[PDB]
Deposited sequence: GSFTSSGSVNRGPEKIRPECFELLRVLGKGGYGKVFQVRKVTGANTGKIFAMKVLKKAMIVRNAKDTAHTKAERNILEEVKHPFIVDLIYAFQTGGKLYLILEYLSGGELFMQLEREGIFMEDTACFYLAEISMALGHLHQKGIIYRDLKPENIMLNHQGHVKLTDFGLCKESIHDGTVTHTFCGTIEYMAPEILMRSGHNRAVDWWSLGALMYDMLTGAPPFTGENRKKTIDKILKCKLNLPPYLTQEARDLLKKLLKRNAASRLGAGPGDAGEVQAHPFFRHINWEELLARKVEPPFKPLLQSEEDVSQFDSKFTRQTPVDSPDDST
């Protein structure tokens, strides 16, 4: 039987309005000494449900889950590699091979989610973690990681909306196509140093995202520009990935022509950055 006393708290990894995350050490049972991430939620139901259903090398693992008092406890694999964001922040702009690597792993995680009817919605780089090897882990399935909350009910607009598809901002209904939009916004951020549609304030950013007039920098390879054009489109249904092939359609793009998907998935491809060496 698992309970909070089975874990000593080592440090605060993050704290939001609705939850808090610790690095923890288990001190009982056969995983004695094992390090985990512990997320504590003040009761969140769809989050646990998703993690119990998903199982993929590029999606974070859920080890234990329990509730005691008013709190829900998720015990996740500890990811020492930090946020994808941190790497983008240090590098300024990714080389295309670099960007390619991460987008390729991500696209596989998204394939898995969609096959199970799950939508990630928001690929802002602080929502993508790296494991100790430097491989991608999607981690963000909870309510909202923010301190101050937009509106007073729903949590779409709370953090940056710079990677969110037009139809999400409009609340006009949406599907998995939004995730391929967000992949394009992430890809654009990686390659250019900023997301595709930014304003001076909130209102303007939304307006630029809705107008969706893409500026493709001339510096990028032909294959990169063509993929970005195919991802960042207002018409959700016409996005690469929006069709029957889902991730398949995206993975077959020339931009990924050097990817052995078998090797990538087995994590036998060397990540461009190794957190243990940094």
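**Q** What's missing from the model if you number the deposited sequence from 1?
**A** In the chain as deposited, 1 to 14, 58 to 69, 305 to 329 carry no coordinates.
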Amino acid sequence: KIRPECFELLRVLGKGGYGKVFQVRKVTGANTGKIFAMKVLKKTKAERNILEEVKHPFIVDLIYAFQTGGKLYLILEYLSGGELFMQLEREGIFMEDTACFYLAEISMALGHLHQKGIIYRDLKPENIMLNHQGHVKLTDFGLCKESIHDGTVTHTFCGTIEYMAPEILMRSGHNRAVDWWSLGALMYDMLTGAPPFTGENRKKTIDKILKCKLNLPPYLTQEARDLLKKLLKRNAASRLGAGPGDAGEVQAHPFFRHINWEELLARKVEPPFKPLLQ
From here on, numbers count along this sequence of modelled residues.
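For the two forms, the rigid core is made up of the largest set of C-alpha atoms that agree within 1.5 Å on superposition.
**Q** Quick one: with the core lined up, is it 190 to 198 or 87 to 95 that wanders further in 9 other deposited structures of this protein, going by C-alpha RMS?
**A** Greater root mean square C-alpha distance in 9 other deposited structures of this protein: 87 to 95.
**Q** Out of 120 to 128 and 107 to 115, which shows the greater rigid core-aligned C-alpha deviation in 9 other deposited structures of this protein?
**A** Output: 120 to 128, the stretch lying farther off on average in 9 other deposited structures of this protein.
**Q** Say whether residue 162, which has coordinates in the shown structure, is without coordinates in a third or more of the other compared entries.
**A** No, none of the compared structures omit it.
**Q** Is it the case that at least a third of the other compared entries omit residue 148, given both of its neighbours are modelled there?
**A** Yes, residue 148 lacks coordinates in at least a third of the other compared entries.
**Q** Using only C-alpha atoms and the B-factors in the entry, which stretch averages higher, 64 to 72 or 248 to 256?
**A** Per the deposited B-factors, the answer is 64 to 72.
**Q** Decide which of the stretches 217 to 225 and 232 to 240 has the higher mean C-alpha B-factor, going by the entry.
**A** Mean B over CA atoms: larger for 217 to 225.
**Q** Identify, among 39, 42, 34, 211, the residue whose C-alpha carries the highest B-factor in the deposited PDB entry.
**A** Of the options given, 42 has the highest CA B-factor in the PDB entry.
**Q** Among 96, 189, 150, 140, single out the one with the highest C-alpha B factor in the record, please.
**A** Largest recorded C-alpha B-factor: 150.
**Q** Which third, lowest, middle or highest, does the CA B-factor of residue 135 fall in along this chain?
**A** Lowest third of the chain for residue 135's C-alpha B-factor.
**Q** Would you check the entry's CA temperature factor for residue 199 and let me know if it's in the chain's lowest, middle or highest third?
**A** For residue 199, whose C-alpha B-factor we compare with every modelled residue in the chain, the answer is the highest third.
**Q** Within this chain, which third does the Cα B-factor at residue 185 fall in: lowest, middle or highest?
**A** Bottom third by C-alpha B-factor.
**Q** Lowest, middle or highest third: which one holds residue 51 when the chain's residues are ordered by CA B-factor from the entry?
**A** Middle third by C-alpha B-factor.
**Q** Could you look up the Cα B-factor of residue 21 in the entry and say which third of the chain it sits in: lowest, middle or highest?
**A** It belongs to the lowest third of the chain when residues are ordered by C-alpha B-factor.
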